[PDB]
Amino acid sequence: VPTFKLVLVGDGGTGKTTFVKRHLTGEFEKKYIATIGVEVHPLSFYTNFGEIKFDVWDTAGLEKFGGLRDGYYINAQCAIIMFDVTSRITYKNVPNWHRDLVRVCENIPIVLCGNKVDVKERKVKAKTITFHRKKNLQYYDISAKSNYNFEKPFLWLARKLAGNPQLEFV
């Protein structure tokens, strides 16, 4: 059963670590504890065609903690780019994250995720979110806190990497 390196990138505070931690333990962390460099987390999903394994490389979004930066991306087989719909700057930086990513990994499946859609004053309005179109990224609204589209980014990636459109999590 193969393992797929997944890199998780995007601005500080957007929800990368807390998204992954909820996927691993079921719990949702309220505090923001900035990641330093990267943390690798194995993350398995069980499917109707067997187990799929991701090594999730959860990278730091804060410049002062960026560490190796694009050196984390070497060998990545897929990626998620995360931003925060309550913060316009985080969507403004998505092209910079994507640029640095694809310069390292030319042809990998990437999902773009607008997080925090549970929050009432949404700033990055849905009509505004079009960057993924010309780059052939998948897009989802998610909420790590409220469990909205919580598995979809991994589901889409799993399908892409297994080459199996019928694959389902169980």
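In case it trips you up, residue 1 is the first one in the sequence shown, and so on.
Asker: Tell me which stretch has the larger mean Cα B-factor in this entry, 35 to 43 or 108 to 116.
Answerer: Higher mean C-alpha B-factor in the PDB entry: 35 to 43.
Asker: Quick check on the record: does 22 to 30 or 125 to 133 carry the larger mean Cα temperature factor?
Answerer: Mean CA B-factor is higher for 22 to 30.
Asker: Which of these, 48, 143, 59, 138, has its C-alpha atom at the highest B-factor, as the entry lists it?
Answerer: Comparing C-alpha B-factors across 48, 143, 59, 138, the maximum falls on 48.
Asker: Rank-wise, by C-alpha B-factor, drop residue 14 into the lowest, middle or highest third of its chain.
Answerer: For residue 14, the deposited C-alpha B-factor lands in the lowest third.
Asker: Ranking every modelled residue in this chain by its Cα temperature factor as given in the entry, which third contains residue 68?
Answerer: CA B-factor rank for residue 68: middle third.
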